[PDB]
Amino acid sequence: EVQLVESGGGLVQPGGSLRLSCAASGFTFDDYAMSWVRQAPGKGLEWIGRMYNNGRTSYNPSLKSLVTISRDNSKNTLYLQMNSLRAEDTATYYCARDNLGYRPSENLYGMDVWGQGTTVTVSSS
Amino acid sequence: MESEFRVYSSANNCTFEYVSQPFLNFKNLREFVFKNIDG
Amino acid sequence: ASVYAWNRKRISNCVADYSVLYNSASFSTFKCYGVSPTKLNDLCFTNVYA
Ligand SMILES: *[C@@H]1O[C@H](CO)[C@@H](O)[C@H](O)[C@H]1NC(C)=O
């Protein structure tokens, strides 16, 4: 069964760095495009970035300065090394597979399978 | 007064129902043609 | 109904306007399988069940 599990969220100080994981099972990244999407408490889903199968990275151009998406194909997992987390970086971070194949209807987000997402909050303690 | 209906004992799996306006010395002659072509 | 005792209603012998369902903002989930939602009004269907 195709299932995406994220881990690594929690409390994080302002101005620090926090690494997130997208340990995937049921499929490999050698032929699929993978995306990271955030979710504010008061706003909708905001697309962070995308990892292609050949290693090509694209990011949100208002968020390029502080995210990094990498793979570990030996462990079939995706990495997200975020730095300098401020107050608006509090989000529930979903990792999802892109649908470049057949789409049964119109999708607002273009994702065929989603993750449960991990929650990150930034405050004093 | 119509008070006797004995045409069936059960009705299990329906696929089509259609309620319509009534079609109807011997005084009336009623001709009907029923055909089953391509369903 | 409850999900274990889910109700099924036959829709038949009528004209169905699916453009008022897909364009409605009331539905949070609208996932169609085997048919496009904008092509629904251009097809005629048999054995429709809700
Ligand atoms: C037909 O009816 C029987 C008995 O009511 C039932 O077991 C069966 O599943 C029905 N088949 C269909 C296609 O509705």
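Methodologically, a virtual Cβ is constructed for each residue, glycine included, from the backbone with ideal geometry; neighbour enumeration extends over all protein chains shown. A short reminder: the numbers here are calculations on the coordinates, not readings from a lab.
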Overall dimensions of the stretch A:3-122 as given by Cα atoms, namely Rg and Dmax in Å: 13.8, 43
If the elastic network links every pair of Cα atoms under 10 Å, which of A:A91, A:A23, A:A40 fluctuates the most in the Gaussian network model of chain A? A:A40
Most exposed to least, judged by fewest other Cβ atoms within 10 Å, A:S21, C:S36 sort to C:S36, A:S21
Cut-off 10 angstrom, C-alpha nodes, Gaussian network model of chain A. Which of A:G26, A:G49, A:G115 fluctuates the most? A:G26
With a/c under 1.5 counting as rounded, go ahead and sort chain C into rounded, prolate or oblate using the C-alpha gyration tensor (a ≥ b ≥ c being the square roots of the eigenvalues; past the cut-off, prolate if a/b is larger than b/c, else oblate). oblate
A student asked for the Cα radius of gyration and Dmax of the protein assembly as shown in angstrom ought to give 28.7, 104
Just add up the charged neighbours of C:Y33: K/R +1, D/E -1, any other residue whose Cβ is under 15 Å from the Cβ of C:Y33. +1
How high is the relative contact order of chain A, given as a whole-number percent (alpha carbon pairs under 8 Å, six or more residues apart)? 35 percent
Counted charge near A:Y109, where neighbours are those whose Cβ lies closer than 14 Å (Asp, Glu -1; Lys, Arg +1): +1
